[PDB]
Every structure is written in C-alpha cells, then in structure tokens.
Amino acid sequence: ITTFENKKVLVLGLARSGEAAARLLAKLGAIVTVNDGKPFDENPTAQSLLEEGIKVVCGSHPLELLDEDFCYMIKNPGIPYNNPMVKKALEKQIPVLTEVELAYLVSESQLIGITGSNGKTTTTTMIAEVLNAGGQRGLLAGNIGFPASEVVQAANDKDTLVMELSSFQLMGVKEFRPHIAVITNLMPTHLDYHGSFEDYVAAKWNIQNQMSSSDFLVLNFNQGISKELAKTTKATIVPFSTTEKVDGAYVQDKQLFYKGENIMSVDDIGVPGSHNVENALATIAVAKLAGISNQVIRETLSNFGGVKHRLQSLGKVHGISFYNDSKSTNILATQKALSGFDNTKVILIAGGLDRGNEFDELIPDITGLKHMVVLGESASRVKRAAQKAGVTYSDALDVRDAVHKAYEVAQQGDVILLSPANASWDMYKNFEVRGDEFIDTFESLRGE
C-alpha cells in the first residue's frame, strides 16, 4: 500500500480512534497533521503524538489549514457534517473518510461488519465468540474490541475481523467491503446528526456499496424496510426473521433454524428476551455462512452470558456486588445503568475526560445514592452534581483507587458500579482498558 506515501493527511479529532489512525497513516508514509478542539495542555493524546513527531493543532480549527495540499481527511465519526472543517474539506474536494476505511485498505483479513440501530454490541460479541469456538480466529474491532486501525496491524489472512460499525463511520467509507455484513434493524436513531430517517438509513446502507453477489448481507426481515432495501443491493441476501420462515435464520416450533437445519431452542439462548433471540438469529446466519458447525453454534449461544464492560456483573466480595459499566461514556448511558438499581445500595464511580459540560441532567438519577467516588479530568463537575443531589462523595486517583475506596465504604448487600458518564481518554486509551482496571482490582480484592 503506497497510496499514502508522502501525502499530507489531516486527522480531525482524536477521541477513540484518531491516535490509531494518525499512527497507522505515519507508518504508511503519510505526513500527518492532527487537529483537535481540546487545548494542548489538557490533551494527553496530542502531547504523546507531538512526541512521536506528528504535527498537532489544538484548541482551534483554522479553516486555512485546508488550503494546504491535503490529499485526505480522516474525521472522528461523531463530528457532524455541518462542522466548518468538514464543510471546507468538501468544498476543497479533499476526500473525507473515517478510520474504518483506512483499516479496510490495509487489511489482509476476512471482514465481517455489523451495524444497525440497536443490538450491535451483543450481536458482534456473539459472532466473535462463535467463530472462535469453531476454530476460526475472530478479532473484535471497530466500536468494540479495539479501533479497527489498531486491530488490522496485528491481524493476518487467517484472522476474521468482527467489526462493530456505526452510521457515523459508514458516512465515511469508499472502498470498504465486508464479505459478510449485518444490519440488525433500522429505526429512528441519531436524527440530530443525520437529519432525516432516510439519510440515516442511507448512511448505514453504504456498508454494502462494494459488496458483490459473492458477498452476504444479513437483514432483519421482521421489518418491511429490509425487504425494500434488499431489492437494491448486489449482495446475496441472507434474512433473519421471528415472524415467518425465510431463506436464512428463523424461528420454527420454538427452535432456531437456518435454511431447514434445526440449530437450538429459543429458550436455551444464554441471555433472555426477544431482542436477544434476534441477535442470536443474526449470529446464526453469520456463523453458518462462515461454516461454523451447528453443535458449536448451539453450545456457544447457550452459554453466552453478556458483554464485557456493559453492566457487566463480576460477582461478589464479602457480599458486595461489582458491576463494570465502563462502556457508559455519557450522561444518558449512566442514567440508564442506574435505572435498574436501588440507589440506596449503590456506590457509583464516575468522572473522566472533560468535554466541558456540567452534570445537572444526572441529578435526579443519582439522588439517593449511598456514595459517589469521583475521578478524572471532569471530577469537579461531577462533584457539583453530587453536591446538588445531596450525595456524599470522595476523590480517587484512578479506577483502581476508586474501587478500593468504594469497597472500604461498602457493606454486605451493596453494589459497586463503574458507570462513568464520561469518556476514558484523559487516563485510559479506551473504555476497555478502563474496565479492565476495574476487573483487575475486583479480582485482587476477591482472591483466587
């Protein structure tokens, strides 16, 4: 791959994948400039990149930067397209891509891509577990696991990337071509960013733009929209349904089938609810296309217990339950995580990268908490919300320290919950590294 050798490339934003993109581009011989809104002195990632000899521009977005001879922009997916830097790149006919396109260009591995309005993380995780159990080598990538541009460097032609993809990422692909792709479902989501439902659907539909009839697109035939979209792709359609028999994965007589093969019972899926039946059906379609055996599919999905870092129940130490919800990186996710708990039992660990917002929205949901242990760049802002909600709080140096501090104030029947309502990037490369520190500390307290 010489396509980036001695080309100037602008990486707009850091966040989850921008560092990985910048590093991979540099390895490919590109001359990289990173532009990020957070001032340099508060920006550990930009500091580290400058130390590696990559140009950084922090605290501002100068449009004049795009007058330079840039051949590509890699944008943080969540930046909306009405952003002035994005608008100018488009005016200047500089291709605007996301990092998943870059990962695809350098990839020698088989690619399975998963998108959809909801069910993405469970479905992606189930797929990787089933492939691994069947003797393939599935590597989680994209919006779980590790960023795609990080994973592709370790992966080879024997590996399968199992990539969770957002509509935001799919706005920025060109050559990206999965051999198998899944759309779990489509319902109005992220319309703040996309405008209309039609534009949001069009964004995800980019997943199949380069797919041929030799490639496979797994669609949800419970929804009429899927049957309409199916008419417009070149990919071979492999539907799933819980409504009727289809030429793919379906429910029949309380069993899950794939094209007339009986795989497993509905009630034996390891996690409950119809949403999980649909995630298991999508998984069965992908696994059968990849050639995994029925017995391996059944065993794996029967024992599937959930996903790492998402309201992940670890167990107890002296009657105190620990939950790793490191995946919660905003106020809305933490509101949801707290909804299932009696707050009087909960010690919440929260704080992280400071995007500059206060936490007043969290006040009703944190009222009644036993205690809050606060860490990270945004700690003072989180503490102001705790103070207004009448919740006692204390400070911690990092997640390890917060777990120890929480445990020392906990008693039998309490819950220690890491649901930070903030991104991890001031202190940890990604939410997974952050959740692993929580796990490791729990294990140290538990013993073996």
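Residue positions are given as counts along the sequence shown, with the first one as 1.
Higher mean CA temperature factor between 215-223 and 140-148: 140-148, per the PDB entry. According to the PDB record, 386-394 carries the higher mean C-alpha B-factor of the two stretches 386-394 and 412-420.
Out of 161, 73, 375, 229, the entry records its largest CA B-factor for 73. By the numbers in the PDB entry, the CA B factor is greatest at 155 among 165, 111, 187, 155. Compared with the other modelled residues of the chain, the Cα B-factor recorded for residue 104 ranks in the middle third.
The entry lists a Cα temperature factor for residue 240 that places it in the lowest third of the chain's modelled residues. Residue 325 sits in the lowest third of its chain by CA B factor, as recorded in the PDB entry. Remark: residue 315 belongs to the middle third of its chain, ranked by C-alpha B-factor as recorded. Among the modelled residues of the chain, residue 358 sits in the highest third by CA temperature factor in this PDB entry.
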